[PDB]
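A.B. asks:
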Amino acid sequence: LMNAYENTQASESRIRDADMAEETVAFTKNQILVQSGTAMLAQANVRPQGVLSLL
Amino acid sequence: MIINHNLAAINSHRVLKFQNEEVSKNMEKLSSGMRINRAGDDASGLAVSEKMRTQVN
Numbered sequence: 001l002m003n004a005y006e007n008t009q010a011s012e013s014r015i016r017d018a019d020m021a022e023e024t025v026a027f028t029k030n031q032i033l034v035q036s037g038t039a040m041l042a043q044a045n046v047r048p049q050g051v052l053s054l055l
Numbered sequence: 056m057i058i059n060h061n062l063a064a065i066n067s068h069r070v071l072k073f074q075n076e077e078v079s080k081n082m083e084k085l086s087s088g089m090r091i092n093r094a095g096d097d098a099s100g101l102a103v104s105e106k107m108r109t110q111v112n
């Protein structure tokens, strides 16, 4: 029993417990992506400002 | 000089409108971070990419 328990626990951990490396890599990718997205949006609001120069 | 129409204005407006459309096309993919978002930019590329994504999953 004391080894069946460890094998079953290993299986359950593999099913449910996350691997921190992959998650943090994805987190870094999404963080740089959201930074780029918000910067690009900020560039987008000012875009129609050029219209009034001919008003 | 003719005054009922301004041909230079029309030409400038046309080229400006198409340049602005190109600006929007670049800006949307800058925001998204992917080379192609709407189909037609690369149909074969989109199909291959969908196959590739199914394969990685």
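Protein sequence lines correspond, in order, to chains A and B. Taking the numbering used here, the leading residue of the first sequence gets 1, the next gets one more, and so forth. Taking the numbering used here, the leading residue of the second sequence gets 56, the next gets one more, and so forth. By construction, the Cβ of each residue, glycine as well, lies at the ideal position given by its N, Cα and C atoms.
Given a cut-off of 8 Å on the beta-carbon distance, is the pair residue 79 of chain B and residue 40 of chain A in contact?
C.D. replies: Here the question's residue 79 of chain B lines up with position 24 in the second sequence. Here the question's residue 40 of chain A lines up with position 40 in the first sequence. In this structure, residue 40 of chain A does not lie closer than 8 Å to residue 79 of chain B by Cβ.
A.B. asks: Can you name, in chain order, every residue of its own chain whose Cβ lies under 8 Å from the Cβ of residue 101 of chain B, other than the five neighbours on each side?
C.D. replies: Reading the second sequence from its first residue, position 46 is the one you call residue 101 of chain B. Closer than 8 Å at Cβ, skipping near neighbours: 91 and 94.
A.B. asks: Going by the CB atoms, is the gap between residue 88 of chain B and residue 11 of chain A shorter than 8 Å?
C.D. replies: The count along the first sequence starts at 1 and reaches residue 11 of chain A at position 11. The count along the second sequence starts at 1 and reaches residue 88 of chain B at position 33. Contact: no.
A.B. asks: Mind listing the chain A neighbours of residue 85 of chain B? Cutoff is C-beta to C-beta under 8 Å, in chain order.
C.D. replies: Here residue 85 of chain B is taken as the residue at index 30 of the second sequence, counted from 1. Correct list: 36 and 40.
A.B. asks: Using a Cβ-Cβ distance cut-off of 8 Å, determine whether residue 82 of chain B contacts chain A.
C.D. replies: Counting from 1 along the second sequence, the entry for residue 82 of chain B is found at position 27. Yes - at least one Cβ of chain A is within 8 Å of the one on residue 82 of chain B.
A.B. asks: Give me the chain A residues within the contact set of residue 100 of chain B, using Cβ-Cβ distance strictly less than 9 Å, ordered along the chain.
C.D. replies: Mapped onto the second sequence, residue 100 of chain B falls at position 45. In chain order: nothing, as chain A lies at least about 21 Å away.
A.B. asks: Among B:67, B:57 and B:62, which has the Cα closest to the Cα of residue 54 of chain A?
C.D. replies: Within the first sequence, residue 54 of chain A is the residue found at index 54, counting from 1. Looking at the Cα atoms, B:67 is the closest of the given residues.
A.B. asks: For a test of the three-state rule: what should DSSP assign to residue 46 of chain A, helix, strand or coil?
C.D. replies: Translated into positions along the first sequence, residue 46 of chain A becomes position 46. Of the three classes helix, strand and coil, the one that applies to residue 46 of chain A here is coil, per DSSP.
A.B. asks: In three-state terms, what does DSSP make of residue 90 of chain B?
C.D. replies: Stepping through the second sequence from its first residue, residue 90 of chain B is reached at position 35. Correct three-state label for residue 90 of chain B: coil.
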